[PDB]
Amino acid sequence: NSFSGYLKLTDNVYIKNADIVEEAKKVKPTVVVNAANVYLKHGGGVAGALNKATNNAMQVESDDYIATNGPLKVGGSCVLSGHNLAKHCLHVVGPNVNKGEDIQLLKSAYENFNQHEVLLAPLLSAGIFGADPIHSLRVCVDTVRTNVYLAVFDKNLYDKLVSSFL
Ligand SMILES: C[C@H]1CCCN(c2ncnc3[nH]ccc23)[C@H]1CO
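Residues numbered from 1 in each chain as written, not as in the entry; some residues may be left out. Heavy atoms only, no water.

Its PDB record attributes the structure to X-ray crystallography, giving the resolution as 1.00 Å.

## Let's talk about the state of the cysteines
On inspection of all chains with the given rule, the structure shows zero disulfides. No disulfide involves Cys78; its sulfur sits 7.8 Å from the nearest other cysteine sulfur, which is in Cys89. Given the relative accessible area of 6%, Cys78 is considered buried. Considering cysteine sulfurs only, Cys89 is the nearest to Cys140, which forms no disulfide, with 16 Å between them. (Disulfide = S-S within 2.5 Å. Buried < 20%, exposed > 50% of the residue type's maximum accessible area, 1.4 Å probe, protein only.)

## Some remarks on the packing of aromatic side chains
According to the stated counting rule, one finds five aromatic pairs in the structure shown. Between the aromatic rings of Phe3 and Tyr6, the centroid separation amounts to 5.5 Å while the plane-to-plane angle is 90 degrees, which identifies the pairing as edge-to-face. Judged by its relative accessible area of 15%, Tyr6 is buried. On the numbers, 5.6 Å between centres and 20 degrees between planes, the contact of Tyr14 with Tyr149 is stacked. On the criterion of sequence distance, the pair formed by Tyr14 in strand β2 (residues 13-17) and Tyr149 in strand β7 (residues 147-152) is long-range, its members being 135 residues apart. (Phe/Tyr/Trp six-rings, centres within 6.5 Å; stacked < 30°, edge-to-face > 60°. Helix = DSSP H or I, 4+ residues; strand = E, 2+ residues; numbered from the N terminus.)

## Some thoughts on the environment of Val13
Assignment of secondary structure puts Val13 in strand β2. Classification of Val13 by relative accessible area gives buried; the value is 0%. It is 10.0 Å that separates the C-alpha atoms of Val13 and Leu119, two residues lying 106 residues apart in sequence. When residues no more than four places from it in sequence are discounted, the contact partners of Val13 are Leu7, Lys8, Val141, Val148 and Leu150. (Contact = heavy atoms within 4.5 Å.)

## Notes on the side chain of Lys16
In this fold, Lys16 is placed in strand β2. Look at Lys16 and you get buried, because its relative accessible area is 17%. A polar contact of 2.8 Å, which involves the side chain of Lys16, links it to the backbone oxygen of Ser4. Contacts of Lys16, omitting those with residues within four sequence positions, involve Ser4, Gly5, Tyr6, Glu23, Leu150, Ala151, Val152 and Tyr158. (Polar contact = N/O pair within 3.5 Å; in protein donor to acceptor, adjacent residues only side chain to side chain.)

## Digging into the nonpolar core
Membership of the largest hydrophobic core comes to 25 residues, with the highest contact counts inside it found for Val33, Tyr110, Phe113, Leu124, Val148 and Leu150. Among the elements of the structure, β2, β3 (31-35), β5 (88-92), α4 (105-111), β6 (118-121), α5 (133-143), β7 and α6 (155-162) are those that each provide at least two residues to this core. Ranked by residue count, the leading element in this core is α5, at five residues. (Core = buried A, V, L, I, M, F, W, Y, C linked by side-chain atoms within 4.5 Å.)

## Structural notes on the site of the ligand
By nearness alone, every residue bordering the ligand is listed as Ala18, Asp19, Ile20, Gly45, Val46, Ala126, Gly127, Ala151, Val152, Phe153, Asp154 and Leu157. Note that an oxygen atom of the ligand is positioned 2.9 Å from one of the backbone N or O atoms of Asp154. Its free accessible area being 410 Å², the ligand has 85% of it covered by the protein chains. (Near = heavy atom within 4 Å. Areas by Shrake-Rupley, 256 points an atom, 1.4 Å probe, with all protein chains shown as cover.)

## What about the pairing of β3?
β3 sits mainly inside the fold: four of its five residues count as buried. Judged from the five bridges that link them, β3 and β5 form a sheet pairing that is parallel. When the sheet's bridge partners are listed, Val32 is paired in β5 with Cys89. (Pairing = 2+ DSSP bridges.)

Laid out in structure tokens, this is it:
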């Protein structure tokens, strides 16, 4: 793909200080990952921002998905359209550690990435779900074996992540 300006972290994990929405608009990847909740209610953070960029089409599609299939599992995922941003969106639910959900489920969440050869993705559980971002990055690197391009919006956090020893 046309991923540009990324820093290599490992054999298969690359990182960039960017809004995942802007990266998706530029690159139009096969798969963009959403940091979803089990109800696919895309209110804020990555999910709200991706949905807004689709003019709410992501939410309309998600509502039909839930009406048919019910909620996702914590640690689970589903593949839906990427609309104008990507071919597909992999909606992945990391644990909400601020609500007592088991942080071990973060590994299960990242395992979903292994079903896709290349992904543009955020750090799961590292926003309002309250997991330590360095921990989320470590779980990502230790779990995902396919090619993952991570976008981290916050500059201060990015700078910290890339100066940390995993
Ligand atoms: C570690 C993440 C926590 C959630 C929010 N973050 C985003 N990263 C990339 N693109 C994004 N778009 C909108 C939000 C957003 C990261 C922090 O900046």
